[PDB]
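**Student:** One structure, pasted below without further comment.
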Amino acid sequence: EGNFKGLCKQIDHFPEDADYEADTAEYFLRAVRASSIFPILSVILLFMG
Amino acid sequence: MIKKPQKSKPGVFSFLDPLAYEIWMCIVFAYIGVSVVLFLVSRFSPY
Amino acid sequence: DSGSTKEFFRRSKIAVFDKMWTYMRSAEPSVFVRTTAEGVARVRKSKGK
Ligand SMILES: N[C@@H](CCC(=O)O)C(=O)O
């Protein structure tokens, strides 16, 4: 629903102001996020099963 | 003058906000001793 | 630039303020700015630096 429909962007985490690196609980949460790590692993044991 | 901070939210262990860290520590110490007192009275050979 | 505060730390005898002025004379490039909002949006794009 736009001037170009079906243009699929690749998206990751982006560095905003000061990045809150001291929030290592957040940065790790960012690190888990941009990944299919558990939904890919949800395939794995289901495939292995 | 420096930049604004953001509204950096509470974390994972936010739930234990109502108590001091030292209060929780007293609870566990209390938790053990109550059991072993019951382990004293129960199983004491009530012959 | 051409501020009394910029002259104050030149004349300030407090050791931390000296040490700031020791840095501020050695701050490369210019931390010093000519006009007001010049320094403001500089901080606003500094991302806390
Ligand atoms: N009112 C001050 C502003 C600059 C400063 O504080 O250094 C002046 O005219 O010198």
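Residues 672-720, in that order, are what chain C shows, numbered as in Swiss-Prot.
Method on record in the header is electron microscopy, 4.2 Å.
Backbone N, Cα and C atoms are what each Cβ position is placed from, and that goes for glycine too.
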**Student:** Could you let me know which of C:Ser683, C:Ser697 shows up in Swiss-Prot as phosphoserine?
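**Tutor:** The phosphoserine feature in Swiss-Prot corresponds to C:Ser683.
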**Student:** Kindly assign C:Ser683 (phosphoserine) to one of the three DSSP-derived states: helix, strand or coil.
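**Tutor:** Once the DSSP labels are grouped into three classes, C:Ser683 (phosphoserine) ends up as coil.
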**Student:** Looking only at C-alpha atoms, tell me how far C:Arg681 (site 'Interaction with the cone snail toxin Con-ikot-ikot') is from C:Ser717 (phosphoserine), rounded to the nearest Å.
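**Tutor:** Rounded to a whole number, the Cα-Cα distance is 25 Å.
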